[PDB]
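Undergrad: Below are the C-alpha cells for one structure; questions will follow.
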Amino acid sequence: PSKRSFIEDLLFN
Amino acid sequence: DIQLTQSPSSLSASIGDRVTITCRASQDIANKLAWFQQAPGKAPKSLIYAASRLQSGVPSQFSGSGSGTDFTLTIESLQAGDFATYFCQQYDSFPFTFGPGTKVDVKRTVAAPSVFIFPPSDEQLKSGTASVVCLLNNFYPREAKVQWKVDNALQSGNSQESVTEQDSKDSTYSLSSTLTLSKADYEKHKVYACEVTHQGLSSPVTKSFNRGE
Amino acid sequence: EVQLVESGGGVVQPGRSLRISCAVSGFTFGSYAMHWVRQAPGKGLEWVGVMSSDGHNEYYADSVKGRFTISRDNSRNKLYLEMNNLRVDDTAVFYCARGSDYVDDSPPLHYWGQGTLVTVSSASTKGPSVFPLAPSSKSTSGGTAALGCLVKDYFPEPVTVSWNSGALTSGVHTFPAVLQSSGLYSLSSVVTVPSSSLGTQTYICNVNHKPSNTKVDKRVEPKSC
Ligand SMILES: [Cl-]
C-alpha cells in the first residue's frame with residue numbers, strides 16, 4: 001500500500 | 001488562506017483568436033498552480049499543472065506560464081471546444097483554493113433584444129396570484145438590465161430572472177424575468193411595465209400593459 | 001482507466017445530515033490522498049477538503065468549521081463525505097477527486113468523478129401548474145409573435161417542455177428554472193412564430209414533471225389586446 005500522494009503528505013508534515 | 005484572482009471575469013472571442021487569462025495569488029505559490037476547464041453540466045477538466053505542464057489528452061494550443069504570484073493561461077488558437085469557463089487552482093499549501101472562474105463566450109456583433117411582455121393568465125388569477133413575464137429575445141452581449149415598474153414604482157424583491165446558454169447558431173442570449181404579486185396587490189395597480197437596458201439600445205425600451213386591457 | 005463515481009445525493013431536509021460516497025476503479029485507492037470539491041448552482045468550484053491515504057490526517061476549507069467530515073474505508077475502497085446541519089444554500093454538486101501521484105507526476109485533482117447533486121429543501125414533491133403566456137400586440141415584433149408557457153410551483157427539478165409534441169422546435173427558448181422564496185421552482189418556455197399563424201394554428205406546450213408524474217398539455221390561446 002505505497003503512499004503516492006507525496007504533495008499532500010508533505011503538507012501534512 | 002490563499003486568494004486567487006482571475007482577469008478578466010469574462011471575455012468574448014472568435015475561432016482562431018489568441019486568448020490570455022491571468023491568475024494572481026495573494027501569496028507566493030512557486031509553480032504549484034493548475035488550470036481547469038469546465039463546460040456546462042460537466043465535471044471540470046485538468047488542463048495545466050505545475051504552472052506550465054500540459055496535461056495528457058489536452059490539445060496543445062493551451063499553455064501556462066508564470067511562477068510565484070502571477071500566472072497566465074494562453075489559448076494560442078481558439079477552437080470550438082474552448083468556449084468554456086476556466087479556473088485556476090493552487091496546491092502550494094492547505095487549504096487548496098480555486099480562482100473564481102473566467103468565462104469565454106463567442107464574439108458576435110451587438111444585437112439589441114426584442115422585448116415582449118405577458119400579462120397573467122385568467123387561470124392563474126383565479127388561484128390568487130399574478131405573474132407577469134418579460135422576455136428579452138436574441139441579444140448580444142449577455143449583459144442586460146431589466147427593471148419592473150408598477151404604476152411607475154420600481155419593484156424590488158418580487159422578481160427573478162434567468163438566461164439561456166449562448167445559442168449555438170446565432171451566438172445570442174435570451175432572458176426571461178417574472179414579476180410575481182398576490183392577486184390582491186395586482187388589482188391595486190393599473191400599469192405594469194418592463195424596462196430594458198442593453199448596449200444595443202440607444203435608450204432603454206419599455207413594454208407595458210394596463211390591467212384589464 | 002481511472003474512474004471515480006459519487007453516490008448518495010438527493011433531496012434532504014434542512015438540519016439533517018447526509019453521507020455521500022465515492023467508489024473508485026483503475027487504481028489502488030489506499031495509495032492516494034482523496035479530495036472533495038463542491039459547486040453550488042451557477043457558482044464556482046470550491047474545495048471542501050482532503051484526507052490522507054492512510055486516513056490519519058485531514059484538512060478542510062476555512063469555511064467548513066467542523067461541520068463536514070471526510071472518512072474513508074481502505075478495505076471496501078470507498079470515500080465518504082458527511083455533511084451535518086444542512087441548510088438551503090448547501091445545495092450543490094459534490095465531486096470526489098483523487099490526490100496526487102508522485103510516480104506519474106500527476107497533480108492533486110487530476111482525476112474527478114461526475115459529481116452527485118445534494119438538494120437541501122423543506123419542500124414536498126409537487127407537480128407544476130402550467131399557465132399560458134398569451135401572444136398579443138405586446139409580444140409582437142414586425143411579423144413575429146412570441147408566446148409561451150409558465151411552468152410554476154413544482155418541486156424538485158427537473159421539468160421538460162416540448163412544443164406541439166416536438167413538431168415545433170425552431171425559435172424555442174426554454175429557460176433555466178428559478179427557485180422561488182416558497183421553495184418551489186418556476187420556469188418559462190417561449191417560442192416565436194409568424195403572427196399570421198395565430199388565427200389558424202394551435203400552439204400547445206407539453207410539460208413533463210417526472211418526479212410527480214405530471215403531464216400537462218396546455219393550449220396557448222391568443223389575446224385580442
Ligand atoms: Cl476554493
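The chains in the C-alpha cells are called A, B, ... from first to last as shown; in each chain the residues are counted from 1, and the ligands are counted from 1 in the order shown.
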Skipping near chain neighbours, those fewer than 5 positions away, what residues fall within 8 Å of stretch 172-178 of chain B using only C-alpha atoms, listed as a list in words?
TA: residues 111, 113, 131, 132, 133, 134, 135, 136, 137, 138, 139, 140, 141, 142, 146, 159, 160, 161, 162, 163, 164, 165, 166 and 167 of chain B; 173, 175 and 188 of chain C
Undergrad: Out of stretch 6-211 of chain B, which residues get alpha helix (DSSP H) from DSSP, as a PyMOL selection string?
TA: chain B and resi 122-126+183-186
Undergrad: Put those residues in a file: N, CA, C and O atoms, as a PDB file, in the first residue's frame.
TA:
```pdb
ATOM      1  N   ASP B 122     -55.890  34.300 -16.887  1.00  0.00           N
ATOM      2  CA  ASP B 122     -57.078  34.214 -16.038  1.00  0.00           C
ATOM      3  C   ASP B 122     -57.005  32.999 -15.116  1.00  0.00           C
ATOM      4  O   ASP B 122     -57.472  33.050 -13.971  1.00  0.00           O
ATOM      5  N   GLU B 123     -56.426  31.897 -15.605  1.00  0.00           N
ATOM      6  CA  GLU B 123     -56.296  30.693 -14.791  1.00  0.00           C
ATOM      7  C   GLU B 123     -55.477  30.967 -13.537  1.00  0.00           C
ATOM      8  O   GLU B 123     -55.857  30.573 -12.431  1.00  0.00           O
ATOM      9  N   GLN B 124     -54.337  31.629 -13.696  1.00  0.00           N
ATOM     10  CA  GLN B 124     -53.522  31.885 -12.521  1.00  0.00           C
ATOM     11  C   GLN B 124     -54.199  32.875 -11.587  1.00  0.00           C
ATOM     12  O   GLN B 124     -54.156  32.707 -10.367  1.00  0.00           O
ATOM     13  N   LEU B 125     -54.810  33.923 -12.142  1.00  0.00           N
ATOM     14  CA  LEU B 125     -55.518  34.895 -11.317  1.00  0.00           C
ATOM     15  C   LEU B 125     -56.595  34.231 -10.473  1.00  0.00           C
ATOM     16  O   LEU B 125     -56.783  34.589  -9.305  1.00  0.00           O
ATOM     17  N   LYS B 126     -57.313  33.262 -11.043  1.00  0.00           N
ATOM     18  CA  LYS B 126     -58.343  32.587 -10.256  1.00  0.00           C
ATOM     19  C   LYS B 126     -57.749  31.876  -9.043  1.00  0.00           C
ATOM     20  O   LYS B 126     -58.463  31.655  -8.054  1.00  0.00           O
ATOM     21  N   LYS B 183     -52.732  38.273  -6.036  1.00  0.00           N
ATOM     22  CA  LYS B 183     -53.840  38.848  -6.796  1.00  0.00           C
ATOM     23  C   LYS B 183     -54.354  40.130  -6.139  1.00  0.00           C
ATOM     24  O   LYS B 183     -54.678  41.100  -6.832  1.00  0.00           O
ATOM     25  N   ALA B 184     -54.406  40.168  -4.793  1.00  0.00           N
ATOM     26  CA  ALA B 184     -54.895  41.367  -4.105  1.00  0.00           C
ATOM     27  C   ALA B 184     -54.020  42.578  -4.406  1.00  0.00           C
ATOM     28  O   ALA B 184     -54.532  43.687  -4.600  1.00  0.00           O
ATOM     29  N   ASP B 185     -52.696  42.394  -4.436  1.00  0.00           N
ATOM     30  CA  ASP B 185     -51.811  43.507  -4.770  1.00  0.00           C
ATOM     31  C   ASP B 185     -51.882  43.838  -6.256  1.00  0.00           C
ATOM     32  O   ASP B 185     -51.891  45.013  -6.636  1.00  0.00           O
ATOM     33  N   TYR B 186     -51.943  42.810  -7.111  1.00  0.00           N
ATOM     34  CA  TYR B 186     -52.047  43.031  -8.550  1.00  0.00           C
ATOM     35  C   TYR B 186     -53.224  43.930  -8.891  1.00  0.00           C
ATOM     36  O   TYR B 186     -53.119  44.809  -9.755  1.00  0.00           O
TER      37      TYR B 186
END
```
Undergrad: Taking only C-alpha atoms and all ligand atoms into account, report as a ChimeraX atom specification which residues have an atom no farther than 12 Å from an atom of ligand 1.
TA: /B:1-5,87-91,94-101 /C:36-40,43-49,60-64
Undergrad: To one decimal place in Å, what is the distance between atom CA of residue C:131 and atom CA of residue B:189?
TA: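 About the pair atom CA of residue C:131 and atom CA of residue B:189: they are 21.6 Å apart.
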Undergrad: Need the shell around residue A:7: protein/DNA/RNA residues with any atom at most 10 Å away, counting only C-alpha atoms. Skip same-chain ones fewer than 2 positions apart. Format as a list in words?
TA: residues 4, 5, 9, 10, 11 and 12 of chain A; 32, 91, 92 and 93 of chain B; 33, 99, 100, 101, 102, 107 and 108 of chain C
Undergrad: Can you work out which one of C:223, C:35, C:67, C:152 has the shortest atom-to-atom distance to chain A, counting only C-alpha atoms?
TA: C:35
Undergrad: Need to verify the contact set: stretch 133-141 of chain C, 7 Å, only C-alpha atoms, exclusion of same-chain residues closer than 2 positions in sequence. Can you return it as number ranges by chain?
TA: B: 116-118; C: 131, 143-150, 220-225
Undergrad: Within 9 Å of residue C:9, counting only C-alpha atoms, which residues show up once you throw out same-chain ones fewer than 4 positions away? Write them as an MDAnalysis selection string, please.
TA: chainID C and resid 18:21 93:94 115:119
Undergrad: I want to know what sits within 6 Å of residue C:151, based on only C-alpha atoms, with residues of the same chain fewer than 6 positions away left out; could you give that as a PyMOL selection string?
TA: chain C and resi 128-130+186-188
Undergrad: State, in Å with one decimal place, the distance from atom CA of residue B:102 to atom CA of residue B:45.
TA: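 It comes out at 14.4 Å.
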Undergrad: Please run DSSP on the backbone and report, as a PyMOL selection string, all residues within stretch 61-101 of chain B that come out as strand (DSSP E).
TA: chain B and resi 62-67+70-75+85-90+97-98
Undergrad: Which residues are close to stretch 1-3 of chain A, i.e. within 8 Å by only C-alpha atoms, leaving aside same-chain residues fewer than 5 positions away? Reply as number ranges by chain.
TA: C: 28, 30-32, 53
Undergrad: Please write the residues from the selection above to a file, keeping N, CA and C atoms, as a compact mmCIF listing (two decimals), in the first residue's frame.
TA:
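Full text of part_36.txt as output:
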```txt
# COMPACT_ATOMS: atom_id res chain seq x y z
N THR C 28 -5.16 1.86 -7.10
CA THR C 28 -5.18 1.37 -5.73
C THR C 28 -5.61 2.50 -4.81
N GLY C 30 -6.07 2.87 -1.64
CA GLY C 30 -5.32 3.10 -0.43
C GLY C 30 -4.01 3.82 -0.62
N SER C 31 -3.58 4.03 -1.87
CA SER C 31 -2.32 4.71 -2.11
C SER C 31 -2.46 6.23 -2.17
N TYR C 32 -3.68 6.76 -2.22
CA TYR C 32 -3.91 8.16 -2.58
C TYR C 32 -4.61 8.96 -1.51
N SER C 53 -3.89 9.32 2.51
CA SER C 53 -4.10 7.96 2.02
C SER C 53 -4.33 6.96 3.15
```
